[PDB]
Chemist: 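Have a look at this one before I ask anything.
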Amino acid sequence: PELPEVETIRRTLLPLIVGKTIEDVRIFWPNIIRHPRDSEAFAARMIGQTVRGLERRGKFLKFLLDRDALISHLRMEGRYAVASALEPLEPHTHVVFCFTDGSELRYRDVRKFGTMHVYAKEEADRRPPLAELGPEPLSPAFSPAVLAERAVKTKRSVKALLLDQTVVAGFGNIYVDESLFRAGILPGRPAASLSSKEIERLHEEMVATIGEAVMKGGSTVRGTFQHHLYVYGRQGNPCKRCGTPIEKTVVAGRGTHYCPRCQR
DNA sequence: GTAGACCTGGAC
DNA sequence: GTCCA
DNA sequence: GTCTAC
Ligand SMILES: [Zn+2]
């Protein structure tokens with residue numbers, strides 16, 4: 001899940017929990033709770049608070065309660081669902097919040113990588129993990145200029161620069177490869193070796209890609225945007241623009257898909 | 001930079 | 001049995 | 001998806 005997936009979850013979950021008051025919280029896999037460290041304290045501070053709103057910052061979901069904010073990261077398998085407290089839980093359910101009306105919010109995560117933090121509202125943006133986070137791609141904060149300042153100062157690949165959440169928030173393996181394809185730029189190339197015409201071009205393809213994926217409810221990998229993917233997950237398949245077999249190597253320590261003729 | 005963690009169930 | 005994200 | 005260790 002990247003910005004489009006996390007943003008879709010946000011729009012689809014808010015109306016199912018707004019106004020509900022928390023009555024109890026249960027943890028079946030402690031390590032998921034990062035702050036406060038003691039999972040018993042995390043559970044007790046939320047009791048009695050009402051869900052007032054739900055926001056997003058990069059790839060993080062930000063639950064807004066009475067005085068606190070709950071910060072949740074889904075990593076690779078994390079998923080949410082609301083249901084009746086009288087029915088059986090699905091497997092791999094590690095954290096559950098029970099509301100005073102008999103319903104509950106369930107969090108599942110097969111690999112157990114997800115994380116959760118909670119702080120008073122006014123302190124959330126000044127502390128980890130949201131503190132040293134970059135600007136939103138669909139906002140004036142992100143521009144061709146703000147993308148150059150960072151590129152003209154490093155040897156690392158251009159893909160390695162886009163995966164970094166401090167540079168720009170929200171992009172992942174799927175949308176980084178797609179964006180670089182639409183811009184005609186090889187992923188393994190140096191960030192400093194990019195011209196101005198390329199920078200602006202890359203900025204424009206990232207905005208148009210993230211925007212499109214959102215209007216389609218994200219992509220279903222592992223939702224209808226996966227039908228619009230050009231390179232991701234298409235090793236040894238004819239390119240949609242030129243017909244050259246898509247290739248797959250390894251850049252920045254991650255699997256990488258690209259077209260050898262279209263990108264350069 | 002690229003293995004190596006942190007975990008687990010479908011792929012081949 | 002075993003390699004993958 | 002991220003963080004850490006040669
Ligand atoms: Zn091509």
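In what follows, every heavy atom counts, from backbone to side chain, and hydrogens, waters and symmetry copies are set aside. Below, chain A is the first sequence line, B the second, and so on; all start at residue 1.
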Chemist: Quote, to the nearest angstrom, the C1' distance that separates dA5(B) from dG1(C).
Modeler: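 It works out to 23 Å between them.
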
Chemist: Would you please name every residue forming a side-chain contact (heavy atoms from CB on, under 4.5 Å) with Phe113(A), sequence neighbours left out?
Modeler: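 Result, side-chain contact (heavy atoms from CB on, under 4.5 Å) vs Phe113(A): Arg75(A), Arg111(A).
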
Chemist: Going by side chain to side chain donor-acceptor pair (under 3.5 Å), name the residues that satisfy it together with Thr93(A), two or more places apart in sequence or in a different chain.
Modeler: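 Per chain and number, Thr93(A) pairs via side chain to side chain donor-acceptor pair (under 3.5 Å) with no residue.
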
Chemist: Strictly by modelled atom types, are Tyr107(A) and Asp109(A) linked by a side-chain donor-acceptor pair under 3.5 Å?
Modeler: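 Yes, side-chain donor-acceptor contact under 3.5 Å.
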
Chemist: Check the distance between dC3(C)'s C1' and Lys248(A)'s NZ and give it to me in whole angstrom.
Modeler: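 Answer to the nearest Å: 13 Å.
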
Chemist: If you measure from the P atom in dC6(B) to the same atom in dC6(D), how many Å do you get, rounded?
Modeler: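 After rounding to an integer number of Å, I get 14 Å for this pair.
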
Chemist: What range of DNA chain D does chain A touch, first nucleotide to last, counting atoms under 4.0 Å from its heavy atoms?
Modeler: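 The footprint of chain A covers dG1(D) to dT2(D).
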
Chemist: Report the residues that fulfil ring pair (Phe, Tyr, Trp, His ring centres under 6.0 Å) with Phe181(A), sequence neighbours left out, ordered by chain and then residue number.
Modeler: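 Ring pair (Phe, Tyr, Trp, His ring centres under 6.0 Å) list for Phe181(A), sorted by chain: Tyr230(A).
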
Chemist: Residues two or more places apart in sequence or in another chain: which of them pass side-chain contact (heavy atoms from CB on, under 4.5 Å) with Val82(A)?
Modeler: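 Testing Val82(A) for side-chain contact (heavy atoms from CB on, under 4.5 Å), a comparison that skips the adjacent residues, returns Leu13(A), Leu16(A), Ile17(A), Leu105(A).
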
Chemist: Using atom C1' in both nucleotides, what's the gap between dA5(C) and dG4(B) to the nearest angstrom?
Modeler: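 Going atom to atom, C1' in each nucleotide, I get 14 Å.
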
Chemist: Return a single string for nucleotides 4-9 of chain B, one symbol per nucleotide in 5' to 3' order, where B is base contact, S is sugar-phosphate-only contact and - is none, cutoff 4.0 angstrom on heavy atoms.
Modeler: --BBSS

Chemist: Please identify each residue that fulfils salt bridge (charged side-chain N to carboxylate O under 4.0 Å, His left out) with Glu104(A), with sequence neighbours left out.
Modeler: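 Partners of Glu104(A) under the salt bridge (charged side-chain N to carboxylate O under 4.0 Å, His left out) test: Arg106(A).
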
Chemist: Taking the P atom of each, how far is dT2(D) from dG10(B), in whole Å?
Modeler: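 Taking atom P in both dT2(D) and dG10(B), they lie 25 Å apart.
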
Chemist: Return the set of residues passing side chain to side chain donor-acceptor pair (under 3.5 Å) with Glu136(A) (not counting sequence neighbours), or none when no residue passes.
Modeler: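 With neighbours one apart ignored, the set is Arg56(A), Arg57(A).
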
Chemist: Please convert DNA chain C into dot-bracket. A pair counts if it is Watson-Crick or G-U wobble with both distances under 3.5 Å; crossing pairs go in [ ] and bases paired with another strand get |.
Modeler: ...||

Chemist: Could you tell me which residues satisfy side chain to side chain donor-acceptor pair (under 3.5 Å) with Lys20(A), sequence neighbours excluded, listed by chain and number?
Modeler: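 By the side chain to side chain donor-acceptor pair (under 3.5 Å) rule, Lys20(A) matches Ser103(A).
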
Chemist: Would you call the rings of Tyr119(A) and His117(A) parallel, tilted or perpendicular, where under 30° means parallel and over 60° means perpendicular?
Modeler: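 If you compare the ring of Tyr119(A) with that of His117(A), the planes turn out parallel.
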
Chemist: Among residues at least two apart in sequence or on other chains, which ones pass salt bridge (charged side-chain N to carboxylate O under 4.0 Å, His left out) with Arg241(A)?
Modeler: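 By the salt bridge (charged side-chain N to carboxylate O under 4.0 Å, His left out) rule, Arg241(A) matches no residue at all.
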
Chemist: Contact class for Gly172(A) vs. all strands (heavy atom < 4.0 Å): base, sugar-phosphate, or nothing?
Modeler: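 Here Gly172(A) touches the backbone only, sparing every base.
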
Chemist: Residues in ring pair (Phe, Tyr, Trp, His ring centres under 6.0 Å) with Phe99(A), at least two apart?
Modeler: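 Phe99(A): no ring pair (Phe, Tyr, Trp, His ring centres under 6.0 Å) contacts found.
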
